[PDB]
Amino acid sequence: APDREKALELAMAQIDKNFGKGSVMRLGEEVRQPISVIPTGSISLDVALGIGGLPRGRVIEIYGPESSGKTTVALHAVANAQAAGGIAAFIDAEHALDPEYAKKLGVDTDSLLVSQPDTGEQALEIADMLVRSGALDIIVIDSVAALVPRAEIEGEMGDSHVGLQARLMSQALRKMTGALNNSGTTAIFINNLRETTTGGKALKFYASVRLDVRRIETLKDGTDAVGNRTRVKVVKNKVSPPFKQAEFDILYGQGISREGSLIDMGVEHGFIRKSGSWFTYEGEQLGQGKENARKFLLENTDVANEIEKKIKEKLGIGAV
Ligand SMILES: Nc1ncnc2c1ncn2[C@@H]1O[C@H](COP(=O)(O)OP(=O)(O)OP(O)(O)=S)[C@@H](O)[C@H]1O
Ligand SMILES: [Mg+2]
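Going left to right, the sequence shown walks through residues 5 to 198, 209 to 334 as the authors' numbering numbers them.
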């Protein structure tokens, strides 16, 4: 009477219908569910998410040490969203955002809504009011940790002191999620690891995607300062097989390196052969060293476009 796979599929189907698609899935699976996404500005990361970017209408948590590249990504995500004609909001509670650099990542600052809350309550509340106006494509919150409760902001008392910030973050997400789904706005919470910074206790559970951003390199070329290589681990993904990983370069002053990406993905996917210490494409000399090659590609814009083309086809081409 027993046939495992037939009895497993039936189980899984039931699992998914009781708790929503993505509740459980084979790791080696491949999802042709396109959803809707905001390209992360990182091709590797985009592929890593399995859907080409951050799904829309969901809670995304981007946690990681300072300087690791979290807000850069978040900023790119905002820029992409805006070019698709979407409206963006930035609930700033850190007062660290540098609009100039943001413009450089392609963000249209002037049309970017910014709000600098007085309390954690107000901040989440402002975000919630915006998000249920349905006019927003993406809303990023700086600093999960800067969401400190009012009672705490206003010299409270060492008594009746509580785990108040986490609860604040839970009640807030409880109602902001539904709204987020109806509206379709993607909400990116930036969580600096310095619970997951107190409020990330719930974030962990409410997020459909959670990125673990980490700094792994110092982008040196050969011997001087240009930027840093980042590594993102998709620790949680309710819309595609999780645990994938992506790497990419962020230069000082310049957002995620396109050419850099192309060179990397290009190589691992064959299209660009890498005789040790010399990069070459379709018989053309690219240069010695990731930078010379990066340069080559940035300059000969024609090449690196047929590459971007070739890599794009082999992975995620237009669907359904
Ligand atoms: N204002 C800026 N001007 C020029 N480059 C910047 C600026 N801010 C960040 N960068 C670049 O972005 C890289 C790191 O990205 P971040 O914005 O720090 O992402 P991240 O670490 O989540 O952000 P933090 O530190 O939480 S704010 C830095 O190493 C620089 O290369
Ligand atoms: Mg004030």
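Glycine included, every Cβ here is placed at the ideal spot set by N, Cα and C.
What do you reckon, is the C-beta of residue 122 under 6 Å from a heavy atom of ligand 2? For the purposes of this step, residue 122 is taken as residue 118 along the sequence shown, with counting starting at 1. In terms of side-chain proximity, the C-beta atom of residue 122 is found nearer than 6 Å to a non-hydrogen atom of ligand 2.
So for residue 249, helix, strand or coil by DSSP? As a first step, residue 249 is located in the sequence shown; it is residue number 235 there, counting from the start. It is a strand residue.
Relative to the C-alpha of residue 239, which residue among 264, 275, 175, 225 is closest? Position 225 of the sequence shown, counted from the first residue, corresponds to residue 239. Closest by alpha carbon: 264.
Given a threshold of 16 other Cβ atoms within 10 Å of its Cβ, counted over all protein chains shown, does residue 10 qualify as buried or as exposed? Counting from one through the sequence shown, the residue named residue 10 turns up at place 6. With a threshold of 16 other beta carbon atoms within 10 Å, residue 10 falls short and is exposed.
Is the Cβ-Cβ distance between residue 143 and residue 135 less than 7 Å? As a first step, residue 143 is located in the sequence shown; it is residue number 139 there, counting from the start. As a first step, residue 135 is located in the sequence shown; it is residue number 131 there, counting from the start. Taking 7 Å as the cut-off, the Cβ atoms of residue 143 and residue 135 count as close.
Report the start-end ranges of each beta strand (DSSP E) in the region 119 to 154 that is 3 residues or longer and not cut off at the edges. The region 119 to 154 contains these whole beta strand (DSSP E) runs: 140 to 145.
Per-residue DSSP class, three states only, for residue 299: Within the sequence shown, the letter at position 285 stands for residue 299. Secondary structure at residue 299: strand, using DSSP grouped into helix, strand and coil.
Tell me the start and end of each unbroken alpha helix (DSSP H) in the region 61 to 105 that is at least 4 residues and wholly inside, in chain order. Entirely contained in the region 61 to 105, the alpha helix (DSSP H) runs reaching 4 residues are, in chain order, 74 to 87.
Spatial neighbours of residue 77 within its chain, please: CB distance less than 8 Å, with the 5 preceding and 5 following residues excluded, ordered by chain position. Here residue 77 corresponds to residue number 73 of the sequence shown, with the count starting at 1. So the list reads 44, 45, 46, 49, 66, 225, 227, 246, 270, once near-sequence residues are dropped.
Whole-angstrom distance between residue 25 and residue 327, CA atom to CA atom: If you number the sequence shown from 1, residue 327 lands on position 313. If you number the sequence shown from 1, residue 25 lands on position 21. Put simply, the backbone Cα of residue 327 is about 27 Å away from that of residue 25.
If you measure between the beta carbons of residue 190 and residue 58, is that distance less than 7 Å? Within the sequence shown, numbered from 1, the residue matching residue 190 stands at position 186. Within the sequence shown, numbered from 1, the residue matching residue 58 stands at position 54. Going by beta carbons, residue 190 and residue 58 fall inside the 7 Å limit.
Could you tell me whether any non-hydrogen atom of ligand 1 is closer than 6 Å to the CB of residue 214? Within the sequence shown, the letter at position 200 stands for residue 214. For ligand 1, not one heavy atom lies less than 6 Å from the Cβ of residue 214.
In whole angstroms, what separates the C-alpha of residue 297 from that of residue 176? In the sequence shown, counting from the first residue as 1, residue 297 sits at position 283. In the sequence shown, counting from the first residue as 1, residue 176 sits at position 172. Straight-line spacing of the CA atoms in residue 297 and residue 176 works out to 56 Å.
At a cut of 8 Å, does the region 248 to 257 reach the region 275 to 295 through at least three beta carbon pairs? Two segments are said to touch when three or more pairs of C-beta atoms, one from each, lie closer than 8 Å; by this definition the region 248 to 257 does not touch the region 275 to 295.
May I ask you to report which of helix, strand or coil DSSP gives residue 234? Counted from its first residue, the sequence shown places residue 234 at position 220. In this structure, residue 234 counts as coil in the three-state DSSP scheme.
For residue 289, report the span of its beta strand (DSSP E) as first-last. Position 275 of the sequence shown holds residue 289. Boundaries of the beta strand (DSSP E) harbouring residue 289: 286 to 289, taken from the DSSP string.
Rounded to a whole number of angstroms, what is the C-alpha to C-alpha distance between residue 162 and residue 153? For the purposes of this step, residue 162 is identified with residue 158 of the sequence shown, where counting begins at 1. For the purposes of this step, residue 153 is identified with residue 149 of the sequence shown, where counting begins at 1. Looking at the two C-alpha atoms, the distance is approximately 14 Å.
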